[PDB]
Structures are given as structure tokens and as C-alpha cells.
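First comes one chain, alone, set out as C-alpha cells in the form deposited without the ligand.
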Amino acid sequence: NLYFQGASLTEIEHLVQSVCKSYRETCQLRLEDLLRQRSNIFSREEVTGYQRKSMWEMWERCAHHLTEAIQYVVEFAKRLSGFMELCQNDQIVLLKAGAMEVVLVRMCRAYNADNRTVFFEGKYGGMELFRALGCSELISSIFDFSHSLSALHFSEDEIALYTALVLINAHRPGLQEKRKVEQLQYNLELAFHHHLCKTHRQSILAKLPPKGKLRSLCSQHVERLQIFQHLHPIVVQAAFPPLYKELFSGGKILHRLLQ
């Protein structure tokens, strides 16, 4: 929109409010409900039930909860200034490469660093809950990532502006209108940095996760998905969500959602 060109301070400050609004309207669960349900945690019997579940059933349940989270990320993008003004090829390029990374950041709200548990299917559970997945190295890496993010003590507004920058990334391979994405990213970084300056919160800039860790977590996920697909190809074909397979398994629901 406007933010495909240079922006004044006043336009930057209103971009802050716009992004913070779009995130408030499109976050799956409210922070207050997540924090308040930390007292209810899975029993040792319930954890065993999850661990004794079959691998392909666990993978399918997790793929559906992941797809649900992606759907709110897509709606977040559609409410972001300039995203719908972009061409549809670039919209799909940004979502295909960022929607998972955004979910990985949003996840720190559902994570409790006090006991290293995460809110999953109604209760809080540690990473042993997912032992039936057979990717304990990836699970551990994601729990560590949420742990380091929780150390930053994000506000909701900070998560809003950070995840906006995760999505609007002009370096994604395949962008057709790169410079126009470059300007949108530039204005969104001013909005982010303006908010941190105003709230005396710039010290977190040097504490943010490095660029290659969100990309590395996403690669590990595609890595483990291909290993699961080789072991259970009909499960993926018959029971995985279409949006999930479009994003992480090559071969169009994004087209529909974007319109």
C-alpha cells in the first residue's frame, strides 16, 4: 500500500498499531487463557497414553494442529499492510517459506519455561509427550527454541511486529517483485525498531534468534516429514491435511484461502 514507498514517523507509528491489531485479531488462543491454564498439566497416565499411541496417528494429530495454526498465520498475512497488494506468486512464496517460522515463534506463548511444558490438546506437557513421533532431536530443538524466546519476555505487540518481519522477507527465493517486498520489509523494520525504542526494549535486538535457526528448524521438519512419508506414504496421502501437504510435501488450498 502506502508502505511500498518511504514512510513518515506518523505513518510508521500507525503501522505499529495496524500490525499489532492484525495479530490480536488472528492469534489462535488468547495469552490470558494460555497462562491461566498452566496449572493443568497432563498426568503421568495421560503422557503414557500419548507415548503408546502409534507413530502415524501421532504424526496425523500433530499435522492437523499445525495446519490449524498455519490457518491463523495466513489470516494474519491477509490483514498485514501491503500483503494483498503483492502479487499472488509472491504471496504464496512468502507464506510457503514463513508460515511455519511464524508458528514456531507464536509457540512461545503456549510454552512454560518454569517446567518446560507446552500447551497441547487442552493441557500442558513436556517434550516426552511427543516420543511416539520418532523425531526426539527435532522436538528437543523446538523446545529449546521456545525456551530461548521465553527468556526474552516478549510482549504481544513485540511478537506482532517480529512475526510480521518473519513473513515479509524480501530474501525469499522466488519473489517476482523483490524491491516492492523490500520496501514493505523496510517500513515494518522501522515500525518494529520504533516500538522498541519507545518502550526502551531495543536490548532484545541483539538477543533475537539468528536468521538461520528458524530456517534450520523448518528444514529439520521437512527432513523428518520425508522420513515419515517413506515409512507411511498412504497415511500422508489419505489422512494428512491438504494445506499441510501443499506447504511441506511439494505438490491448491493457499489459492483459495488467499481469495
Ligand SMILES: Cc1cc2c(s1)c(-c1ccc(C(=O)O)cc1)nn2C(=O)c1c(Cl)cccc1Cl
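A residue's number is simply how far along the shown sequence it sits, counting from 1.
Missing here is the form solved in complex with the ligand; even so, the following discussion is about that form.
Site accessibility, blocked: after C-alpha superposition of the site, the ligand as positioned in the deposited bound form shows three or more atoms within 2.4 Å of the backbone or C-beta atoms of the displayed chain. Out of the listed residues 222, 35, 47, 41, 222 is the one that sits within 4.5 Å of the ligand in the deposited bound form by at least one heavy atom. Scanning 80, 184, 160, 99 against the ligand in the deposited bound form with a 4.5 Å heavy atom cut-off leaves one residue, 99.
Though the partner is left out of this view, residue 71 does reach within 4.5 Å of the ligand in the deposited bound form, counting heavy atoms only.
Taking non-hydrogen atoms only, residue 51 never approaches the ligand to within 4.5 angstroms in the deposited bound form. At a distance threshold of 4.5 angstroms between non-hydrogen atoms, residue 166 is out of contact with the ligand in the deposited bound form. Interface residue remark: residue 20 is not counted as part of the site for the ligand in the deposited bound form, having no heavy atom within 4.5 Å. Although the ligand is not shown here, in the deposited bound form the stretch 45-66 places heavy atoms of 59, 63, 66 within 4.5 Å of it, in sequence order.
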